[PDB]
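Data block below; observations after.
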Amino acid sequence: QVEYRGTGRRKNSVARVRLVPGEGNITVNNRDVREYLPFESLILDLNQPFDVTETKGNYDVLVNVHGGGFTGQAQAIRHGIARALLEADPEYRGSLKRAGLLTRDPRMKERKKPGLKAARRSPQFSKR
Amino acid sequence: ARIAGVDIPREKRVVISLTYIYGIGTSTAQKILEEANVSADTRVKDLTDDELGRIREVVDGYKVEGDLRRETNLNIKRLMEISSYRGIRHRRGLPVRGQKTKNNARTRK
Amino acid sequence: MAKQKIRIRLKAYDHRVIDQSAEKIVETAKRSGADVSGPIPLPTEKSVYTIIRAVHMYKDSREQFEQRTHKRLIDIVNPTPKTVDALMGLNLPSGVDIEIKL
Amino acid sequence: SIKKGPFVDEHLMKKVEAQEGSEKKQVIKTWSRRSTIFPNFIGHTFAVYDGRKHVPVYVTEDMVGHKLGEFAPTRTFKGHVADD
Amino acid sequence: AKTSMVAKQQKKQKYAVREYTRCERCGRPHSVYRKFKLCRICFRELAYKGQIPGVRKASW
Amino acid sequence: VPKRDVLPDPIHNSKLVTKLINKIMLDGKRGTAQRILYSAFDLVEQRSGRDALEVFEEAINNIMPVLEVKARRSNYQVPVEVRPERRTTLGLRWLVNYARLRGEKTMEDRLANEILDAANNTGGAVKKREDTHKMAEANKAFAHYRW
RNA sequence: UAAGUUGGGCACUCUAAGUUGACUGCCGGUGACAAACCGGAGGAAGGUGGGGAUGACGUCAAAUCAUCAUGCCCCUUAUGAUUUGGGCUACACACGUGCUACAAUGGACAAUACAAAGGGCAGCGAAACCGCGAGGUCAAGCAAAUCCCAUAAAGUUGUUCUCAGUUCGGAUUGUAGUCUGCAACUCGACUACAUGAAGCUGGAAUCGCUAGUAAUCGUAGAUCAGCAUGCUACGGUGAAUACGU
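Those protein sequence lines, which keep their order, are chains L, P, V, U, D and A.
As numbered in the UniProt record's numbering, the first sequence has no gaps in its residue numbers, which increase by one up to the final residue, 132.
As numbered in the UniProt record's numbering, the second sequence has no gaps in its residue numbers, which increase by one up to the final residue, 110.
As numbered in the UniProt record's numbering, the third sequence has no gaps in its residue numbers, which increase by one up to the final residue, 102.
As numbered in the UniProt record's numbering, the fourth sequence has no gaps in its residue numbers, which increase by one up to the final residue, 87.
As numbered in the UniProt record's numbering, the fifth sequence has no gaps in its residue numbers, which increase by one up to the final residue, 61.
Those letters in the sixth sequence? Residues 7 to 79, 83 to 156, by the UniProt record's numbering.
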């Protein structure tokens, strides 16, 4: 067969996408998506790239991912999805870029500076 | 009265009904529960008489009584007896080590 | 993995000096031999030292330092007393931290 | 808090051994910080140097919860106006 | 006074650690790093001279 | 200054829930809020049999203020029509605030009681709407010839 | 194969060097045709992208003679010097700063997935065994992308608790123990047992915060014979609103 591979980066995490057309089924790290996301019922947001792009679908997916919390990496899949769907055909880019899902976010945490401490709280003043 | 020692609330689970008695907190309670083969069971007093006898006889294994209070009073009494510095600091909310009393007036006095 | 090999590790505090030294050593190594391993980078450990811009009070105005540390790895296969000299002869400039091994 | 063992000042030992085999004394000069009371320390009048003047304290049998470490505090009334 | 403590931290000691690590030039013992054995202010100031290998830029 | 909405929360398929859950997540724990909101929305369907959509929509309809006041300057206060975004924000805000003030011991039953009693045009959220609509649109005399 | 552990592989990720890239750059409109403004495309990133480093002449005769240097003045058989112990930690209270609670988005138990950064030579202490436990024996590996710190935690699946000063809270005290140091008595830290306080969201007044922020959860480092609710740093999770001046 044929396989399309594009990376996904978000929130100090890394995604190695393996996209192969099919009936549609994902097993992240040889483990199903429901077996990897707490709780969670937000995988339909991960299916939005399949709902607006390649309507309705679907393609089988295998992925290996490590680093960062579950939200940042469960959201890193979509940019690899978009890259692979653009690699498949440039037609899908017009529907992708009007909604995003390809532009990898450039926003992460910030350093820390005097005023913050063990918890991310600013200091007070001397009243009275 | 009623099931062991004194002060046992009716219709309550054993793990917490065995605490009000002065001398057991939360660990040795479960230890003697494993000794006596009993259960909370959930939350109500299911303790039948055949096991009342066994638990009432097992409870003697520890020094659980007002005798613990008596021992504490004689301990502090002797510790203050030899004009002991530690006896002086027993009135200041000051343990055998020290507590750096500047605000240590609220909890103690 | 078992094989004949010469392995070296490089340390300096300037990426330009360390990579130019690595380049010249690779040149000399493949000059008197072959199949040399390139200047493989390494996560280049850093440092940090928090210090207060102050003399007597005012810890609020803190300021930071670091000591960046480049590390470089080169491997050589099929040794010879020629690659030995190519390693132990020329390390200039002498800010770099070379340790010849096998 | 030492399980390694007790830690009586050897120096106090050397003096008290001769002090105890024959007749004891009712006054002793020492520093008595790196030692403690043991069964063989009974019947003496040691003096922990509180910092200003060492005060002789007579050994009794009953001081096992208490020790030689300290008996005459340096705070010494109080430091404060009020009382406990 | 500081002058005799230079000798104090130099002379032998009754046992293992009755010592403290102070800066050789600056007499301030507080806020010193064992990596360099210089105090707070002196090592900050020598960093600006560009003598000790490493950097002061920060922003990392 | 814009809003930056949140789009999908197909649990259950709807949009107001997506904004709602983001208020209950005290100290940033979204799963607990999602679970309890799901349990409560299944409960409100269980008791007093109906669909969650009808009860929720008509409940937030009975508790959405349409007129509101704002103060400025002596002491005067201009009644102001509320933007639909701020309308729903205030509705959900006061709904959750009075569900908290209800004070029940259950994960879900307090919210079910709140929304289903609002479905009866009664309740503390309805009380707040009535109080605001009584103080407002009765003193619209002075600041009506203004913004 | 327990395993990327090894044969190989460098496609991917990653790692660090160099460049490419975002500079009103292009178009349309506005605008004294200009500056500039608005929208649109493109792009990963459009109007100093996000952040940090950098703080003008000068003001507060701001702080420091206790880092240091130093004018002037003062001490010297002592205003200098050594040692042991005490003390910087006291205690009617006031204030500041912060930590933990006053619990059903919760309490306890059981199972279970997901980080980054940093440190380590005479240091990191792996496995194993012992012990309820702090810890003890042991000795592999480790000058470091190799081995260790180091299970990440919150979190998810379950059971139970069912509104009480509560299996709430964990303050106080005593006992028995663990490690350091010669010595944990004034003054180290830690575990187990025993008690289970005030406290059921807080007044006048008041502080911080415009998006990865707050709120919230953990982690490491420095200093360090042993001792950090503090500091620095790192990651996890994570929104409400900004009508308008």
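Positions of the beta carbon are idealized from the N, C-alpha and C atoms, including for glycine.
For residue i, three-class secondary structure by DSSP
| i | result |
| --- | --- |
| residue 57 of chain L | coil |
| residue 73 of chain P | helix |
| residue 79 of chain A | coil |
| residue 86 of chain P | helix |
| residue 69 of chain A | coil |
| residue 30 of chain P | helix |
| residue 19 of chain U | helix |
| residue 40 of chain D | strand |
| residue 29 of chain A | helix |
| residue 85 of chain A | strand |
| residue 99 of chain P | coil |
| residue 35 of chain V | coil |
| residue 101 of chain A | helix |
| residue 40 of chain V | strand |
| residue 108 of chain P | coil |
| residue 76 of chain L | helix |
| residue 38 of chain A | helix |
Straight-line gap, residue i to residue j (C-alpha atoms, nearest Å)
| i | j | result |
| --- | --- | --- |
| residue 19 of chain V | residue 56 of chain D | 19 angstroms |
| residue 24 of chain A | residue 48 of chain D | 54 angstroms |
| residue 14 of chain P | residue 90 of chain A | 58 angstroms |
| residue 47 of chain P | residue 35 of chain P | 16 angstroms |
| residue 113 of chain L | residue 16 of chain L | 9 angstroms |
| residue 24 of chain D | residue 7 of chain D | 10 angstroms |
| residue 88 of chain A | residue 139 of chain A | 15 angstroms |
| residue 17 of chain V | residue 88 of chain L | 41 angstroms |
| residue 68 of chain V | residue 30 of chain D | 27 angstroms |
| residue 24 of chain P | residue 69 of chain P | 7 angstroms |
| residue 44 of chain A | residue 49 of chain V | 50 angstroms |
| residue 78 of chain U | residue 102 of chain P | 13 angstroms |
| residue 44 of chain U | residue 11 of chain D | 40 angstroms |
| residue 45 of chain P | residue 42 of chain A | 29 angstroms |
| residue 19 of chain P | residue 66 of chain P | 13 angstroms |
| residue 110 of chain L | residue 13 of chain L | 10 angstroms |
| residue 55 of chain A | residue 125 of chain A | 11 angstroms |
Under 7 angstroms from the C-beta of residue i: neighbouring residues of chain D
| i | result |
| --- | --- |
| residue 68 of chain V | 56 |
| residue 51 of chain V | 41, 45 |
Closer than 9 angstroms at the beta carbon, the chain L residues around residue i
| i | result |
| --- | --- |
| residue 37 of chain A | 42, 43, 44 |
| residue 41 of chain A | 43 |
Chain P contact residues for residue i, given Cβ-Cβ distances below 9 angstroms
| i | result |
| --- | --- |
| residue 76 of chain U | 86, 89, 90 |
Environment of residue i [buried if 16+ CB atoms lie within 10 Å]
| i | result |
| --- | --- |
| residue 155 of chain A | exposed |
| residue 122 of chain A | buried |
| residue 46 of chain D | exposed |
| residue 61 of chain D | exposed |
| residue 54 of chain D | exposed |
| residue 25 of chain U | exposed |
| residue 112 of chain A | exposed |
| residue 100 of chain V | exposed |
| residue 104 of chain A | buried |
| residue 105 of chain L | buried |
| residue 86 of chain P | buried |
| residue 16 of chain U | exposed |
Closer than 7 angstroms at the beta carbon, the chain L residues around residue i
| i | result |
| --- | --- |
| residue 8 of chain A | Neighbours of residue 8 of chain A on chain L: none; closest Cβ ~15 angstroms, over 7 angstroms. |
Amino acids of chain P, ordered along the chain, whose beta-carbon sits closer than 7 angstroms to that of residue i
| i | result |
| --- | --- |
| residue 87 of chain U | 92, 93 |
Per-residue contacts from residue i into chain A (C-beta, under 8 angstroms)
| i | result |
| --- | --- |
| residue 109 of chain L | None at all; the shortest Cβ gap to chain A is about 13 angstroms. |
Cross-chain neighbours of residue i in chain A, by beta carbon under 7 angstroms
| i | result |
| --- | --- |
| residue 48 of chain L | 14, 16 |
Where residue i meets chain P, residues with beta-carbon distance less than 8 angstroms
| i | result |
| --- | --- |
| residue 73 of chain U | 86 |
Cross-chain neighbours of residue i in chain V, by beta carbon under 7 angstroms
| i | result |
| --- | --- |
| residue 48 of chain D | 65 |
Taking Cβ-Cβ distances below 9 angstroms as the criterion, which residues of the region 57-69 of chain U are in contact with chain P?
Result list: 60, 63, 65, 66, 67, 68, 69.
Output, in sequence order along the chain, the residues in the region 53-79 of chain V whose CB is closer than 9 angstroms to any CB in chain D.
53, 54, 55, 63, 64, 65, 66, 67, 68, 69
Relative to chain U, which residues along the region 77-89 of chain P have a C-beta separation below 9 angstroms, given in chain order?
79, 80, 82, 83, 84, 85, 86, 87, 88, 89
Which residues, in order along the region 20-49 of chain V, keep a beta-carbon less than 9 angstroms from a beta-carbon of chain D?
46, 47, 48, 49
Taking a cut of 7 angstroms between CB atoms, which residues from the region 15-30 of chain A lie near chain L?
16, 17
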